[PDB]
Amino acid sequence: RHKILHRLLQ
Amino acid sequence: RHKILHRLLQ
Amino acid sequence: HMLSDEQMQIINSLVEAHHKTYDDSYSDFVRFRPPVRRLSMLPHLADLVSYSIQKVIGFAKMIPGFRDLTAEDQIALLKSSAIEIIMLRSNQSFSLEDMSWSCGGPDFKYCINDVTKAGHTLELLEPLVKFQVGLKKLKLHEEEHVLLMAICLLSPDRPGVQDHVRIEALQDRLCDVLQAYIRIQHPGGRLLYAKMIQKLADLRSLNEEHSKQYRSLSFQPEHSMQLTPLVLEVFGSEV
Amino acid sequence: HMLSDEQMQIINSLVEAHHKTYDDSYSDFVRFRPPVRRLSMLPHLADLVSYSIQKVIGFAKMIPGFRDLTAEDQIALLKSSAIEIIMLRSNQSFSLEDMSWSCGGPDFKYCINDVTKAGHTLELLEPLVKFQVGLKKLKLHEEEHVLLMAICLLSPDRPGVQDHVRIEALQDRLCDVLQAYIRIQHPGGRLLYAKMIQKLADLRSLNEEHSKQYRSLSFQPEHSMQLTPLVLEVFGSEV
Ligand SMILES: C=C1/C(=C\C=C2/CCC[C@]3(C)[C@@H]([C@H](CCCC(C)(C)O)[C@H]4C[C@@H]4CCC(C)(C)O)CC[C@@H]23)C[C@@H](O)C[C@@H]1O
Ligand SMILES: C=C1/C(=C\C=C2/CCC[C@]3(C)[C@@H]([C@H](CCCC(C)(C)O)[C@H]4C[C@@H]4CCC(C)(C)O)CC[C@@H]23)C[C@@H](O)C[C@@H]1O
Numbered sequence: 008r009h010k011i012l013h014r015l016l017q
Numbered sequence: 008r009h010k011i012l013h014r015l016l017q
Numbered sequence: 576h577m578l579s580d581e582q583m584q585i586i587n588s589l590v591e592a593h594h595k596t597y598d599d600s601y602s603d604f605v606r607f608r609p610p611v612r613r614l615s616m617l618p619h620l621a622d623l624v625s626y627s628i629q630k631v632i633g634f635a636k637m638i639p640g641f642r643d644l645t646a647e648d649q650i651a652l653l654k655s656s657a658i659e660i661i662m663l664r665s666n667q668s669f670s671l672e673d674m675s676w677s678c679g680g681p682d683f684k685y686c687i688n689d690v691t692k693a694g695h696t697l698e699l700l701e702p703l704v705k706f707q708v709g710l711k712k713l714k715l716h717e718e719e720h721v722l723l724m725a726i727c728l729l730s731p732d733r734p735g736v737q738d739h740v741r742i743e744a745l746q747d748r749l750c751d752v753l754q755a756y757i758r759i760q761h762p763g764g765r766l767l768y769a770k771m772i773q774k775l776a777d778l779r780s781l782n783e784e785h786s787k788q789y790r791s792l793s794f795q796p797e798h799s800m801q802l803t804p805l806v807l808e809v810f811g812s813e814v
Numbered sequence: 576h577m578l579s580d581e582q583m584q585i586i587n588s589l590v591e592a593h594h595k596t597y598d599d600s601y602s603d604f605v606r607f608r609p610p611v612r613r614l615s616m617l618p619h620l621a622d623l624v625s626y627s628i629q630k631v632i633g634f635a636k637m638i639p640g641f642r643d644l645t646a647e648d649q650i651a652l653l654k655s656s657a658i659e660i661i662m663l664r665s666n667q668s669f670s671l672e673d674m675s676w677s678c679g680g681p682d683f684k685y686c687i688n689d690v691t692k693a694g695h696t697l698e699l700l701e702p703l704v705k706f707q708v709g710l711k712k713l714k715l716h717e718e719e720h721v722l723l724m725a726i727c728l729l730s731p732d733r734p735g736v737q738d739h740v741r742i743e744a745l746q747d748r749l750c751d752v753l754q755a756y757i758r759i760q761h762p763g764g765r766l767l768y769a770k771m772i773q774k775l776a777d778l779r780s781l782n783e784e785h786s787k788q789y790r791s792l793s794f795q796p797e798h799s800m801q802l803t804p805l806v807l808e809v810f811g812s813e814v
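Chains as they are written, first to last, in the working numbering: chain A, 8 to 17; chain B, 8 to 17; chain C, 576 to 814; chain D, 576 to 814.
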């Protein structure tokens, strides 16, 4: 998944 | 999953 | 014209369970992320709901018959009714004078514009307030209040439940207790039971509105990261 | 005997990025769950680490060349080095006098027994303290400190990375900048670069010890519920 990390990486 | 709920239900 | 011994024990268990899981001083709230007044209030309210879910879970495990259900049905009932029990129990803190939840001084007094800073709009916040006012006007006894919470949680009509026959069986026993208690222990409550059942149907619609507002929140990772693991698990759909 | 224009720009970008992502006043800490002194300090430290991860992510996206990597490699590097960057940047708050992290008055001064109330033992806490002391004794310039963080993050030897050839290429360019800066801008630093590379190997072992202590935490649901979504995602193994 890694939804937050994908989001935080702009 | 529901690991927390399983745990909280003793 | 008289409560049975079993109906009294069921009332004794629920009142004790509620007293074991609700703090009228709200002193644990200093442990939440502090409130701030871009979804400014979300971290505090998330900690608030996550805390209340643990208390609802504690209350549920003391409802007679609940622990005999399978862990699946317990989860199924918990996930579907968690937000409804929270709205019911919050009425103890709702004040009619200021139309808010007064759990403290400036910090923990929760008015309408505070829930706005948590992903909700003023428009959709309307039936929550009206529900709390009408519920406050019933002037429920603790027994009636605690019996209504248990009846709500034990609804067989939840997405997920399996042994709906026995959950319905447990709920009707509780409904019998409420009817008997109102009839023999609440003067001037000739229509109270009917009004309490009406509030249950109102919670269903409030529940559905929260379900949709939450899907927005949980689909935006910068907002869902503000939630707690328990909130994401209870309000998630990964059954 | 002179820094190039490109090596200066790389230094300028890292110092600005670190200044944009590290608050020496530590004023956001009132927004964390308050510290309490059964894993009493865990909620505060979890909020602390979750906050630092967002700052490391901000710092990483300003390392030159990082944004050109695939989102996969960026995640792979972030997940493996997140705790190491946190231990590196925490040195700015570590005080040699009291052997603790002094981020405030009584509340945000983090000594050894506080980390104990977060699932860690006094014994395994030992190399963290020794690492911080030895790192503090190097008296690194901000450029050296910020260059060491970027070199650590850009290690090609992480579980998960794919284009390790180009991550190694980026890391060696940064290692060239550090060597040149120490040689021409740090008097009496004839052995400093070697000592900084030694600290990197120390972080690997501290990282592995945290990895195992965290698996204990994340396998106990009553403790993992105290974490944040970002922590569980960064330190989880669901790649
Ligand atoms: C929780 C309690 C207390 C107070 C309870 C409040 C007041 C504060 C706001 C709360 C917590 C509402 C939530 C909050 C958001 C939830 C997350 C972020 C998960 O979406 C809004 C959705 C409902 C709005 C209606 C609508 C639009 C139709 O959805 C439910 C009960 C409310 C205080 C005390 O009495 C203890 C008790 O346990
Ligand atoms: C984080 C920062 C600051 C301070 C940083 C500290 C002091 C507080 C404790 C922290 C945060 C340590 C963690 C905590 C637990 C982590 C979770 C709960 C996820 O397991 C322990 C594992 C390490 C112990 C070693 C061992 C046994 C070998 O594993 C890492 C850096 C430490 C303050 C300021 O300087 C900003 C900076 O960003």
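Heads up, the beta-carbon is just placed ideally off N, CA and C, and yes, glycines get one too.
Residues that residue i contacts on chain A, provided the C-beta gap is smaller than 7 Å
i: D/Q649; result: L16
i: D/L653; result: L12
Presumed contact (8 Å Cβ cut-off) between residue i and residue j, rounded CB distance
i: C/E813; j: B/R8; result: 6 Å
i: D/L729; j: D/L745; result: 5 Å
i: D/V690; j: D/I661; result: Actually they are not in contact, since the Cβ atoms of D/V690 and D/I661 sit about 13 Å apart, beyond 8 Å.
i: C/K684; j: C/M616; result: In fact, because the Cβ distance is near 12 Å, the residues do not count as touching under 8 Å.
i: D/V806; j: D/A621; result: 6 Å
i: C/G694; j: C/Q788; result: 6 Å
i: D/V752; j: D/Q582; result: 5 Å
i: D/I757; j: D/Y768; result: 5 Å
i: D/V740; j: D/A651; result: Not quite, the Cβ-Cβ distance comes to about 14 Å (not below 8 Å), so this is no contact.
i: D/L775; j: D/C727; result: 6 Å
i: D/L644; j: D/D738; result: 7 Å
i: D/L671; j: D/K636; result: About 32 Å separates the two Cβ atoms, so there is no contact after all.
i: D/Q649; j: D/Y597; result: Between D/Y597 and D/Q649 the Cβ distance is about 20 Å, and since that is not below 8 Å, they are no contact.
Which residues DSSP lists as bridging residue i, in chain order
i: C/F669; result: C/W676
i: D/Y685; result: D/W676
Residue i CB to nearest heavy atom of ligand 4 below 7 Å
i: D/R664; result: With respect to ligand 4, the structure shown offers nothing to examine, as its ligands consist of ligand 1 and ligand 2.
Listed by chain order, chain D residues near residue i by CB distance under 8 Å
i: C/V631; result: The premise fails here: C/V631 is roughly 15 Å from chain D at the closest Cβ pair, so nothing lies under 8 Å.
Contacts of residue i in chain D (Cβ-Cβ under 9 Å)
i: C/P804; result: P796, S799, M800, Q801, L802, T803, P804, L807
Proximal residues of chain B, C-beta to C-beta of residue i below 8 Å
i: C/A646; result: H13, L16
Per-residue contacts from residue i into chain C (C-beta, under 8 Å)
i: D/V605; result: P609
Test: residue i CB closer than 8 Å to a CB of chain F
i: C/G764; result: In summary, chain F is missing from the structure at hand, where the protein chains are A, B, C and D.
Proximal chain B residues relative to residue i, where beta-carbon distance stays under 7 Å
i: C/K636; result: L16, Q17
Interface partners of residue i on chain B, CB under 9 Å
i: C/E813; result: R8, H9
For this session: Mind the definition here: the stretch 625-643 of chain C touches the stretch 698-708 of chain C only if three or more C-beta pairs lie below 8 Å; say whether that holds.
Result: no
Exercise. Are the stretch 649-659 of chain D and the stretch 576-586 of chain D in contact at 8 Å, needing three or more beta carbon pairs?
Worked result: no
Problem set entry | Contact the stretch 738-752 of chain D vs the stretch 794-805 of chain D: 3+ CB pairs below 8 Å | no
Exercise. Which ranges would you report for the alpha helix (DSSP H) in the stretch 721-764 of chain C if only whole runs of at least 4 residues count?
Worked result: 739-760
For this session: State whether the stretch 601-619 of chain D contacts the stretch 676-684 of chain D, with contact taken as three or more CB pairs (one from each stretch) at a distance under 8 Å.
Result: yes
Problem set entry | Touch test, the stretch 584-594 of chain C against the stretch 716-736 of chain C, Cβ-Cβ under 8 Å, three pairs minimum | yes
Exercise. Which full runs of the beta strand (DSSP E) of 3+ residues lie inside the stretch 583-670 of chain D, going along the chain?
Worked result: none
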